[PDB]
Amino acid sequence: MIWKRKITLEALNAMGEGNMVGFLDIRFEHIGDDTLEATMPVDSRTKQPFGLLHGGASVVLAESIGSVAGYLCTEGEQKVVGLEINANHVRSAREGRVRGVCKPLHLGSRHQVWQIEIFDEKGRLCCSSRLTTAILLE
């Protein structure tokens, strides 16, 4: 596994309470040898005025997953910061929960590149994103 920190999903979700992650009910549901998955509802706090999932919400999910995964790949006082993020909106979502799957593209000593694919309840690709991080010690 690419993970360096031994932390459970329970702890992960716990850490989101009190901040944006908990506010949007973004929940981590699976972690594999090299993948991290989280879900996010398509509701009043994530929808645009016309009932569609707000594209901004999809990036929050993507950046949220990518940054914790990167963090999980560092040690102790090391921290991870999002330097650059981009995403392609290819499919709209209107209900249920969307699912983001995060996988590494590059894992370095000072930088990481994560790819996050988010799908609707029927498994269709709604958003594809890439996050670039910096590993820092302050």
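Think of the rigid core as the biggest set of C-alphas that the two forms share within 1.5 Å after superposition. Start at 1 with the first residue shown and count on from there.
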Give, as the answer, the stretch of 97-105 and 48-56 that departs more from the shown form in 5 other deposited structures of this protein; the measure is RMS Cα distance after a core fit. 48-56
Between 64-72 and 23-31, which has the larger average Cα B-factor in the PDB entry? 23-31
Can you tell me which stretch has the higher mean Cα B-factor, 45-53 or 104-112? 45-53
Chain thirds by Cα B factor, record data; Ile85 belongs to the middle
Quick check on the deposited entry: does the C-alpha B-factor of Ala93 sit in the lowest, middle or highest third of its chain? highest
Is the Cα B-factor recorded for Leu136 in the lowest, middle or highest third of its chain? highest
Entry-reported C-alpha B-factor of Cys127 relative to its chain, by third, is lowest
